[PDB]
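Residue numbers (the deposited numbering), protein chains in the order written: chain 2, 94 to 269; chain N, 86 to 170; chain A, 21 to 318, 327 to 758; chain J, 1 to 42; chain 3, 84 to 115, 122 to 142, 148 to 218, 224 to 255.
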Amino acid sequence: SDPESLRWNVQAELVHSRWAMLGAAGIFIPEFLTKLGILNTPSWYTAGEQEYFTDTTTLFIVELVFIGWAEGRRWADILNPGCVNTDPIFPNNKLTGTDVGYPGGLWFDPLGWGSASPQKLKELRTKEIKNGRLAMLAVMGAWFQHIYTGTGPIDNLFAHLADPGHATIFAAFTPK
Amino acid sequence: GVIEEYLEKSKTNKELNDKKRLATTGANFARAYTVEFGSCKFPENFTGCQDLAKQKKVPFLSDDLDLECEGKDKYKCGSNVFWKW
Amino acid sequence: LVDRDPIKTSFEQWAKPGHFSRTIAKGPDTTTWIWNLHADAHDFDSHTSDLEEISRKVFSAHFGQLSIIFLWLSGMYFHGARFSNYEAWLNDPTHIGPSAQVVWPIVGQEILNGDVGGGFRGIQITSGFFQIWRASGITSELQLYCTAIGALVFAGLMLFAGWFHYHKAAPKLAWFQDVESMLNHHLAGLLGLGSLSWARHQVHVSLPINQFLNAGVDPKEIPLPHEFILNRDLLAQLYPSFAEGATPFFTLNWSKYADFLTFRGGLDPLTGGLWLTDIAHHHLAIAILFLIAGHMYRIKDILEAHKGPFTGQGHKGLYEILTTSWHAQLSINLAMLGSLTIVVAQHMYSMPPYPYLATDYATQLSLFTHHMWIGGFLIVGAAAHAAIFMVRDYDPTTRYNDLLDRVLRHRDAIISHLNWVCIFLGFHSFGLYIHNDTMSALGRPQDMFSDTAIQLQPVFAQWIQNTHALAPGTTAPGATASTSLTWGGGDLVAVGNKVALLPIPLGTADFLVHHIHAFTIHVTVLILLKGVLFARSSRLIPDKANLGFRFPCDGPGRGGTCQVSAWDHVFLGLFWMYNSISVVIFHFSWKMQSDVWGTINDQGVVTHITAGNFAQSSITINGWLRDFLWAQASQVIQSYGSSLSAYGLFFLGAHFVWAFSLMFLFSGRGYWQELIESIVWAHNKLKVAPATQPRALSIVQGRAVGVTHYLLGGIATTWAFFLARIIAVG
Amino acid sequence: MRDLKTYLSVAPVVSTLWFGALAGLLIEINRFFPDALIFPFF
Amino acid sequence: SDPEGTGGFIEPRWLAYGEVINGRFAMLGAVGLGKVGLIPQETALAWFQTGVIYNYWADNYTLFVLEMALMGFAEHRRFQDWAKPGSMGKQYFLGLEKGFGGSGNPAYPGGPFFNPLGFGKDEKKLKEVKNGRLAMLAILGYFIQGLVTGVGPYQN
Ligand code: CLA
Ligand code: CLA
Ligand SMILES: CC1=C(/C=C/C(C)=C/C=C/C(C)=C/C=C/C=C(C)/C=C/C=C(C)/C=C/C2=C(C)CCCC2(C)C)C(C)(C)CCC1
Ligand SMILES: CC1=C(/C=C/C(C)=C/C=C\C(C)=C\C=C\C=C(C)/C=C/C=C(C)/C=C/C2=C(C)CCCC2(C)C)C(C)(C)CCC1
Ligand SMILES: CCCCCCCCCCCCO[C@H]1O[C@H](CO)[C@@H](O[C@H]2O[C@H](CO)[C@@H](O)[C@H](O)[C@H]2O)[C@H](O)[C@H]1O
Ligand SMILES: CCCCCCCCCCCCO[C@H]1O[C@H](CO)[C@@H](O[C@H]2O[C@H](CO)[C@@H](O)[C@H](O)[C@H]2O)[C@H](O)[C@H]1O
Ligand SMILES: CC1=C(C/C=C(\C)CCC[C@H](C)CCC[C@@H](C)CCCC(C)C)C(=O)c2ccccc2C1=O
C-alpha cells in the first residue's frame, strides 16, 4: 500500500542533489580530458619548488575559508526572508511565507512580475542533463570504486584471500 | 611524490606484453590450435601412436566421434561379449 | 477512531494522542501509560472484541521469533567459524578449552580473554557447538560461514512470511477454526521428515567422517567436501551396498552382516559420546512413527466417547472451545513443552548424545541448568495462561457443565488435599536435616540419620537401578552394558584425561534431597493450582472476576483481601520455583563432582573432584555451606585479575541486583508518591517538572519489578558461582 | 529546511542512538588518551 | 504507485502453464549440449568419475549470469511497454514515405498470419501443446541421475 516518503524537507533534498551532482561535474571532464595523457609529460616544480611543500593541510583551511563563506552564505540565502518565530507556513520555518521577505524595503527583488523568477521559458537546458547528471554521477562515482579497489598489490591486509588470478586498475579499456 | 625524468624516459611496457605469438591460451592447446590428428584413410586405431590408445574402440571412445555408426558395432549391452573374463 | 475510518485513509496515523481503553490516554498527561503498553501490549481484551484477527497476528509474531533464532546463531555459527577455536580444537580435542568469542582490547577489557586455545586468547564457552559440531564432517571455517548465511537466508524470508501475513491483506477464521488436520502434517512429515531427513545426513556423511576421525589426522587429510554420493566406495567401510538385499524384506542372507545400526548401548572409548551408530537407527525408528502417526485422521469423536461414573460428561465436548481458546491451548503446551525440556536435562548428563561431553564437564551442566530453568520458567507460565483462560476468553458461558464445571464443583477440596501433603512433607522433608544440626551440634551420631547411623546399612543397591543395567534377561537383546552407563551394574572404563561416567550409587543423602524436591515441587503447584482454580470467583470474593486476573488486590476489607487474584499466584509461584530449580541445580553438581566427575590415573584410582565429601556431610545443611557455598565459591572470590573474572566481577552486581529487589518487593506505593512530590515540589521552584504527571509504580508493576529482579539477581549469581568452578580444576 | 524557532520531532528511543554513539564517541576519547586519572591541558 | 501484482486464486499457472512453455522448450535442448556441469575447475575433475570417455572442451564463462540479469530486462519491458498507447515506433525523423510495418503485433507466421491461400496438401487444445512437454521436462530431470550403477536395469 506503500510508504509515504514525500518528506518534506524535501524540495530541498533535490537542490542538495544538484550540489552533489553539478560538483560531481568537475571531476569527470577534467580528470579525464586527463590530458588523454598527454603528448607528455607533467612536472610540478614551481611553487612547491622547494618551499617545504605547499598545502598538506594548510591548503585545506584556505579551501574551506574560501568555501565556508560560500557554502555558508549560501543557502543562508538561496532565499529565506521573514525569519521569525511563532506559528507555521511549514517550509519548515515558512517565515518568508507570506511576506516575501520584504514589502517595500528595497529591490530585494529580481525581475518583472512581483516575483523571483527568471521565468517561464526553460525547463529546457538543464533539467535533463543536470538531473541526468544526478544519474550520471552516481554510476560514474560508482565507477570510481570499481576503478581502484583490489589495490593491485600493495595491500591484501587480512586474508582469507583467495585472489590472484590478476590485478586491478584504471588506465581505461577493458580486457574482455 | 616528486619527479626526476620522465614519468618515464621510455614509457610503459611489458605489463601486458604479449604481442607476436600473443599466445598462451590460443594455442595453448597448440596441440589444439589445429587439432590435426589421425589418418585419412581409415583403417583403425587413430588414437595414434600419439595420442594413444584404442582402449575400447570403434564406437568407444571415439566419442570424440569415432565416426559414422558403422554397420557397427552397435554398443548396446549384450555385446560387448562382456570380456571380463 | 476515526483518525480517519474506514474508506479513505491510506494515510497512516502517527499523532494525536494515542490509544487505549476508551477514555483513552487522556489527552492530559501521564507516566503510567508509558509503563502500560509495554506490559499488556498484547493482552487481547482490547484491539477487538472479536477474535477475528488475533490468531491472524500470533502467526506473524511467531514468524519473527523463528527468524531471530536464525539471526541468532547465524551469529552463533559465525562467531563459531571465524574466531575459530574449532579448527584448532578438533584435531586437538581434550586439550583445548574452547572459545568462539573475543573482546577487542579497550580500557580494562581484556583481563577477560585468556589463553583458551590452539594458541589464541579467548573467552571460554559453555554451550557446545564444537559438539553439536563434531557431527559436521567436512570441516573448515568459511563453511560454517555458509551454514551461517544459510541461516540469514532463512530469515528475511522466514521473516517476510510475517509481512506475508497480518500486514498483507491476509487470512480468516476457518483456517485455524477448522483444525482438522494440523498435527496431521506436523508430526507426520517434519517431526518425521526431520529425524528422517536427519537420518539422511547422519550416516551419509557424519558417521563416516568421524568413524575415521576417532583416531586423529588433520582433517581433510580426511574429508573432501562433496565426495559423498553416487560414489560410494567409502560406505563400503562402515558397510555394504546392501550387496544383495532388496528394499529390506527377507529372502536375505547374512553369514556375517546386519546393516549399519547394530545398536550401541554404552559409550565410545576415546570419544565417549555413545555410539554414533545407534544415532541413525534411533532417528530412523522415530520418524516412521510420525511418518505413520500423523496420518490420523480428519474430531470430538474420540474425546466424546468414554465416560465413567466419577469420570466426566464434560470429557465430551471437552471443548468445542478448545479449537478457539488459544490462551488455553498455549497454557497446555507450556506444561508440556516446559515439562518436556527438563526431561532433556537428565537423559543428557546420564547419557551424552554428542562426542566429547562429560570429560567436558562444564560444557554440559551449564546445559543441564539452562535446560532446567526453562523446564520450569515455562511451567509456572503454563499455569498463568490457564488462569488467563479460567478468567477470560470466550464471550459467554457456553462451555457448560463438564469435567471442569466438575473439577471446580470440588475446589476447596482438590486443594484441601495437597496442602496437608506439603506440611507432611517439609516436616518429613526439611526439619529432617535440622535434626542433624540440632543433634550433631549437640553431637551424638549414634542417632543422626547419617548414611551410616540410622539403619539402612551399606547397600543402596537394589531398586530399579540394579534391574535396569543388568538389562538383558530380556526380550532385551542388546549391547554390552546399559541404556545409561551410570546405572549400578558394570564397567570401570570410561575416558582419557578423566572420568566421564560411572555408577553414582546413592543410598541415603540421595534419599532426602530426592524428598525435598517432592515438597518443593508440591507447594509449588499448590499456589498455582489453587491460583488458577480460584481464578474467577472465590469464597472471599464472588465479585472477583470483574476487571481482572491482575487487579492489585480487591481492598483493605475482609481482613486482608490483598494477594488473591492469580497474576500474584503466578507471582508467589515463581518465587518458589526459583528455589525448585535453584536447589535442583545445587543437587546435581554437588553430586556429579563429589562423585563421578573424576580423574583416571594409573591403575584407575578414581579421584573425585571431591573425594566423596557428600558421604556424611550434605545431610547437615551446613555441610551445604561448609562443603558447598563456602568450599566451592572460593574460586569465585579468588577469580580476580584473570580471564574469567567477569564472573567474580558479575557475582557482586546481580548479587547486588537481587539485594535491590527486596526494595521493590517489600514496600508501599503511595509512599514513593508521598516522596515523589517532595521531589515534584523542589522541581517546580526552579520551574522544571509538571508536564507528564510523574507517578509512582502501578501497585502490581511494583511487584513486576520485584520478582523479575529477584530472579535475574538471585540467578546469575550462580551462573557466575558456577562458571568459575568447572573452568579451572573440574 | 529548518530555520528559526524549533523544528521536527523524533521517536521514543533515539536515546538508543544517543547512549549508543555520542556517549560511544568517548571511548573514542578514552583510547586517544588511552588513559586519565588527572589530565594535561590545551 | 507503491507496487501491484494482482493475484486471483490462480494467478499461478497462468504463469505456470507459462513457466512451462519456456521451461518446456528447455526440456527443449533436451527436446532438440547438455552439461555445464558444475563448479568449474574441471580443472582436473568430474562428478566423481563423470566424464571419462569434464565438460566441455567447454567455452562458456558464467558471464551469464551477467547475461541472465541483462536479458531479464527485455522480458519485463515487452510486458510494460505494451501497457501501451503507442508513439512507439518513431519512423523516419523527416519525411516522406514510410510504407513499412513488417506486419504485426506478431503472434505467429504472418505478422498478419498471411499467405492465406494454400494447401491442396499436406493432406490426410493448446494446454496439450503444454501438458506433454513437462512429460518432456521432468523426464531428463531424473535422467541426470538416471542410473542404478551398482547393478543396472533389473527389467533386463
Ligand atoms: C554462455 C552461454 C549459453 C548458454 C548456456 C545460454 C543460455 C541461455 N540463453 Mg543465451 N546466448 C549465448 C550463449 C548462451 N546462452 C550467446 C553467445 C548469445 C549471443 C547471441 C546469447 C544470446 C541470448 C539471447 C538474446 C537470449 C538468450 C537467452 C538464453 C536463455 C534462453 C532459454 C532458451 O532455451 O531459449 C531458446 C529456447 C526456446 C524454446 C526459444 C525458441 C526461439 C527460437 C526459435 C529462436 C532462435 C532460433 C533461430 C530460429 C535461429 C536463427 C539464427 C539466429 C540466431 C541468427 C538461456 C538460459 C534468452 C533469455 O533467456 O532471455 C531472458 C535470450 O535472451 N541468449
Ligand atoms: C508460549 C508463550 C508465551 C507467550 C506467547 C506469552 C504471551 C503473553 N503473555 Mg505470557 N508468560 C509466559 C509465556 C508466554 N506468554 C510464561 C512462561 C510466563 C511465566 C513467567 C508468562 C507469565 C505472564 C504474565 C504474568 C502475563 C503474561 C501476559 C502475556 C500476554 C502479554 C504479553 C506482553 O505484553 O509482553 C510482556 C513483556 C514485557 C512487558 C517485556 C518485559 C520483560 C522484562 C521482565 C525483562 C525480562 C528479564 C530479562 C533478563 C531482561 C533483559 C536483559 C536486560 C538486563 C538487559 C501475552 C498474550 C500478561 C497478560 O496480562 O495477559 C493478557 C501477564 O502479564 N504472561
Ligand atoms: C515435495 C517434495 C519433497 C519435499 C522436500 C522437502 C521440502 C523436504 C523436507 C525436509 C524437512 C522439512 C525437514 C525438516 C526437519 C526439521 C527438523 C530437523 C526440526 C528441527 C529443529 C531444531 C534443530 C530445533 C531445535 C531446538 C530445540 C530442541 C527446541 C528449541 C531450541 C532449538 C531451536 C535449538 C521431497 C523431498 C519428497 C522430494 C519431492 C518433492
Ligand atoms: C555512575 C553512573 C552510572 C552507574 C553505573 C553503576 C554503578 C552500575 C552498576 C550495575 C550493577 C552494580 C549491577 C548491574 C548488573 C546488571 C546485570 C546483571 C544486567 C544483565 C544481565 C544479563 C545479560 C543476564 C543474563 C543471564 C541470563 C541469560 C539469564 C539468567 C543468567 C544471566 C543473569 C547470566 C552509569 C555509568 C551507569 C550511568 C552514569 C552515572
Ligand atoms: C516571446 C519572446 C520572449 C519575451 C522577450 C521579448 C521582449 C518582450 C517583453 C518581455 C521582456 C521582459 O522584460 C520586460 O517585460 C515587459 C513586457 O510586458 C516590459 O514592458 C512592460 O512592463 C510591464 C509588464 O512587465 C507592463 O505593464 C508595461 O506596460 C510595459 O513597460 C518590461 O519593461 C520589461 O521588464
Ligand atoms: C572409591 C571407593 C571404592 C569402592 C568401589 C571399589 C570396588 C571396585 C574396585 C575398584 C573400582 C575401580 O575400577 C578400576 O579397577 C582397577 C583399579 O584397581 C583398574 O584396572 C584397570 O587397570 C589395569 C590395566 O590393564 C588392569 O588391572 C585392568 O585390566 C584394568 O581394568 C581400572 O581402571 C578400573 O576398571
Ligand atoms: C522504590 C519503589 C518505587 C519507586 C520506584 C520508581 C519511581 C522507579 C521508576 C524510576 C524510573 C524508571 C526513572 C525513569 C527516568 C528516566 C528514564 C528519564 C531520563 C531518561 C534517561 C536518558 C536517564 C515504587 O514506585 C514502588 C511501587 C510499588 C511497590 C514498591 C515500590 C518501590 O519499592
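A virtual CB, placed ideally from N, CA and C, is assigned to each residue, including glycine.
Asked, Found
"Could you tell me how far apart the beta carbons of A208 (chain A) and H315 (chain A) are, in whole angstroms, since I believe they sit closer than 8 Å?", "6 Å"
"With a threshold of 7 Å (Cβ to nearest heavy atom), would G632 (chain A) be considered close to ligand 6?", "yes"
"Based on the DSSP output, what are the partners of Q144 (chain A) in its beta bridges?", "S119 (chain A)"
"Given 8 Å as the limit, is there contact between the region 131-140 of chain 2 and the region 234-251 of chain 2, that is, 3 or more CB pairs closer than that?", "no"
"Quick one: using the 10 Å Cβ neighbour count with 16 as the cut-off for buried, is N133 (chain A) buried or exposed?", "buried"
"Whose C-beta lies closer than 6 Å to the C-beta of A412 (chain A) among residues of the same chain, with five residues either side of it excluded?", "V598"
"Could you give the residue range of the alpha helix (DSSP H) that holds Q701 (chain A)?", "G698 to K713"
"Give a yes or no on whether the C-beta atoms belonging to residue 324 (chain A) and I330 (chain A) are separated by under 8 Å.", "Coordinates for residue 324 (chain A) are lacking, as chain A steps from 318 to 327 with nothing built in between."
"Starting from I126 (chain A), find everything on chain J with Cβ-Cβ shorter than 9 Å and list it in chain order.", "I27, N30, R31 and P34"
"Going along the chain, which residues put their C-beta within less than 6 Å of some heavy atom in ligand 4?", "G681 (chain A), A682 (chain A), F684 (chain A), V685 (chain A), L740 (chain A), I743 (chain A), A744 (chain A) and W747 (chain A)"
"Just to make sure I have the definition right: I need the residues of chain 3 whose C-beta is within less than 8 Å of the C-beta of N251 (chain A). Which are they?", "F137"
"Chain A beta carbons: is any one of them nearer than 8 Å to that of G249 (chain 3)?", "yes"
"Could you give the DSSP three-state label for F270 (chain A): helix, strand or coil?", "coil"
"Return the CA-CA distance between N199 (chain 3) and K184 (chain 3), expressed in angstroms with no decimal places.", "16 Å"
"Output the distance between the C-alpha atoms of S673 (chain A) and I755 (chain A), rounded to the nearest integer angstrom.", "11 Å"
"Compute the beta-carbon to beta-carbon distance between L600 (chain A) and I555 (chain A), rounded to the nearest angstrom, for a pair I have assumed lies under 8 Å.", "6 Å"
"Which residues, taken in chain order from the region 256-279 of chain A, show a beta carbon closer than 7 Å to some beta carbon of chain 3?", "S261"
"Which of the three DSSP states, helix, strand or coil, is assigned to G133 (chain N)?", "strand"
"At 8 Å on the CB atoms, spell out the chain 2 contacts of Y91 (chain N), in chain order.", "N133 and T134"
"Taking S84 (chain 3) as the query, report the chain 2 residues whose CB atoms sit under 8 Å from its CB, ordered along the chain.", "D95"
"Could one say the Cβ of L246 (chain 3) lies closer than 8 Å to chain A's Cβ atoms, at least one of them?", "yes"
"Does ligand 7 have a heavy atom nearer than 7 Å to the CB of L725 (chain A)?", "yes"
"Could you pull the DSSP bridge partners for residue 18 (chain A) from this structure?", "Lying outside 21 to 758, the shown extent of chain A, residue 18 (chain A) is not represented and no answer is given."
"Mind checking whether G148 (chain A) and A528 (chain A) have CB atoms under 8 Å apart?", "no"
"In three-state terms, what does DSSP make of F174 (chain A)?", "coil"
"Going by the DSSP bridge assignment, what does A59 (chain A) pair with across the sheet?", "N56 (chain A)"
"Strictly under 8 Å for the Cβ-Cβ distance: is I238 (chain 3) near chain N by that measure?", "no"
"Considering just the uninterrupted stretch of the alpha helix (DSSP H) at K619 (chain A), what are its terminal residues?", "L600 to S622"
"Name the chain 3 residues that come within less than 9 Å of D148 (chain N), Cβ to Cβ?", "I142"
"Please report how far the alpha carbon of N204 (chain A) lies from the alpha carbon of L210 (chain A), in whole angstroms.", "11 Å"
"Does any heavy atom of ligand 1 sit closer than 7 Å to the C-beta of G123 (chain 3)?", "no"
"Measure the C-alpha to C-alpha separation of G106 (chain 3) and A152 (chain 3) and round it to an integer number of angstroms.", "23 Å"
"Would you mind working out which of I145 (chain A), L91 (chain A), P125 (chain A) and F150 (chain A) sits nearest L110 (chain A), comparing C-alpha positions?", "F150 (chain A)"
"Can you confirm whether residue 298 (chain 2), when its beta carbon is compared against all beta carbons of chain J, has any partner nearer than 8 Å?", "No answer is possible for residue 298 (chain 2): the residues shown for chain 2 start at 94 and end at 269."
"Check the C-beta distance from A266 (chain A) over to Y165 (chain A) and give it rounded, since I have them as a contact under 8 Å.", "The pair is not a contact, with the Cβ atoms about 42 Å apart (cut-off 8 Å)."
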